[PDB]
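Geometric and topological summary
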Amino acid sequence: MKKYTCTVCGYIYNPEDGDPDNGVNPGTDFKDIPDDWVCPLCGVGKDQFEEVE
Ligand SMILES: [Ga+3]
């Protein structure tokens, strides 16, 4: 699974770690994160994230 970065603040979503404090468990692909989730550091939506290639 690919990492995704918040293009507003630089936070990296790592699917190995998830974001468990906000209900995203380890092993969750970015696409399967509920679409109302926001960047845990800066608060913007998923639509400001881009795949890390
Ligand atoms: Ga951010």
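Residues numbered from 1 in each chain as written, not as in the entry; some residues may be left out. Heavy atoms only, no water.

When you go through the protein residue by residue, the secondary structure sums to 0 helices and 3 strands. Against the 2.2 N^0.38 benchmark of 10 Å for 53 residues, the protein shows a C-alpha radius of gyration of 10 Å, consistent with a compact globule. Taking the intrachain contacts of the protein between residues at least 6 apart in sequence as the baseline, contacts between residues at least 24 apart amount to 45%. In the form shown here, the protein has an accessible surface area of approximately 3500 Å², with 45% of it arising from carbon and sulfur atoms. The distance from the centre of the 4 positive side-chain charges to the centre of the 12 negative ones in the protein is 6 Å. (Helix = DSSP H or I, 4+ residues; strand = E, 2+ residues; numbered from the N terminus. Rg over C-alpha atoms; globule rule 2.2 N^0.38 Å. Contact = heavy atoms within 4.5 Å. Areas by Shrake-Rupley, 256 points an atom, 1.4 Å probe, with all protein chains shown as cover. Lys, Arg positive; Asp, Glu negative; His and termini not counted. Charge placed at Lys NZ, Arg CZ, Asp CG, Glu CD.)

What the 3 strands build is an open sheet, ordered β2-β1-β3; its pairing is antiparallel. Looking at the sheet topology across the chains shown, the edges are occupied by β2 (12–13) and β3 (49–51). Alignment of strand β1 (residues 4–6) against β3, held across 3 bridges, turns out to be antiparallel. If you follow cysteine 6 over to β3, its bridge partner there is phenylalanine 49. (Pairing = 2+ DSSP bridges.)

We now examine the packing of aromatic side chains. A complete count under the given rule lists 7 aromatic pairs for this structure. Pairing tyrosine 4 with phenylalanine 30 gives two aromatic rings, centres 4.3 Å apart and planes at 10°, and the pair type is stacked. With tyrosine 4 in strand β1 and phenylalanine 30 in the loop between β2 and β3, this residue pair connects regions lying 26 residues apart in the sequence. Under the relative-accessibility criterion, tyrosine 4 is labelled buried at 16%. Through successive ring pairs, a cluster of aromatic residues spans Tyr4, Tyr11, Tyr13, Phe30, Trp37 and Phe49. When the ring centre of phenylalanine 30 is taken as reference, the NZ or CZ atom of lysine 46 above it lies at 4.9 Å. (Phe/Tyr/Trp six-rings, centres within 6.5 Å; stacked < 30°, edge-to-face > 60°. Buried < 20%, exposed > 50% of the residue type's maximum accessible area, 1.4 Å probe, protein only. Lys NZ or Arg CZ within 6 Å of the ring centre and 35° of its normal.)

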